[PDB]
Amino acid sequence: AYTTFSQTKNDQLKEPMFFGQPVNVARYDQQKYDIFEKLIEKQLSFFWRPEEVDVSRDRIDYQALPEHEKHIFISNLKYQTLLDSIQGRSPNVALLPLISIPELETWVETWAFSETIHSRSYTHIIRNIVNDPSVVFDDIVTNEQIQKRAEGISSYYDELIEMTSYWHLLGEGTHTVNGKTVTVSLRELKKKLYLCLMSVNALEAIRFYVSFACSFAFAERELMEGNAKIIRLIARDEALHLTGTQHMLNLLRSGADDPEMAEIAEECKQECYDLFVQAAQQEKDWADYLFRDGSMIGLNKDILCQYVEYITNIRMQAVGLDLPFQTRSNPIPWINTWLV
């Protein structure tokens, strides 16, 4: 029963984050949860444009890199481009139709917009360092290592989108669609949302941070400094995005927003643990792909895989999951210097 302007006057302070009545009036004078307004304000204050970053010496650096270092750099860049191609559209297509408070609605839209800026910055880098940009962009879709991750990530979004359509069109209960029976459960839809949000937390809080490590490793060598300047703007946005989903998941599990969600969150714990561990293992397998033909000064498979474990523990803890790894310390303390 979705609508772009819900005609019944509701108290927006008493609506849940998700699955309530679609937002009508966009107002910002009051908030259920302070965090979402605070994030919008911060994101707006961070506004930047890629094309105003000088990436001219980055071509020289890139072309001078040996084959395997080109491979490390470009594989990383293609992965970042993939991830934010998804993040550009997906929060709008998947989350926006389900939101029932204004501050969250606008946060999601501001968040997705900032991702389009990141995507634009990747085009800016690629067209300025590479001879044939199309080769790079085409490979993002066809690269077998990349699509493995694309497949898994997009699925959490796609399954949420599809089940939302059945819920908006048929409502709860058991139905008949061209003979076949289709079950529509709001509880299952809430599970699909929680799981998707958990996946998106891992993507922004873990997957992107592994990629930031690769990019900043070049900048430690005073190479690809134009790129580095851009990544540090991107990571600064990413810290906000990850904070967003952290709060969403933690408010959902605490039962404060929706009591049904706390039940669902507890029955999900294992799947949540598993998908984070699975994400970590994928990033570790990706480290193998990056370093298959050799390593570079300041970054190899052992360093990157330890970082994967370290950052995973920290991100899992922040959303109340168990720490899967014994790793206690950061092998790349210089990353904190680059991160804002």
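One rule holds for the numbers: they count along the sequence shown, beginning at 1.
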item: Between the two ranges 286-294 and 304-312, the one averaging a larger CA B factor in the entry; value: 286-294
item: Which of 258-266 and 94-102 has higher mean CA B factor, as the PDB entry lists it; value: 258-266
item: Residue selected from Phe218, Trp167, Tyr79, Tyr209 by maximal Cα B factor; value: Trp167
item: Candidate set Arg89, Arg149, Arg120, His71 [ranked by C-alpha B-factor, highest]; value: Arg149
item: Third of the chain's Cα B-factor distribution that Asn143 belongs to, per the entry; value: highest
item: Relative C-alpha B-factor of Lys42, binned into the chain's lowest, middle or highest third; value: lowest
item: Cα B factor band for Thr243 (lowest, middle or highest third within the chain); value: lowest
item: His124 - which third its CA temperature factor falls in, relative to the rest of the chain; value: lowest
item: Assigned third (lowest, middle, highest) for the C-alpha B factor of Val23; value: middle
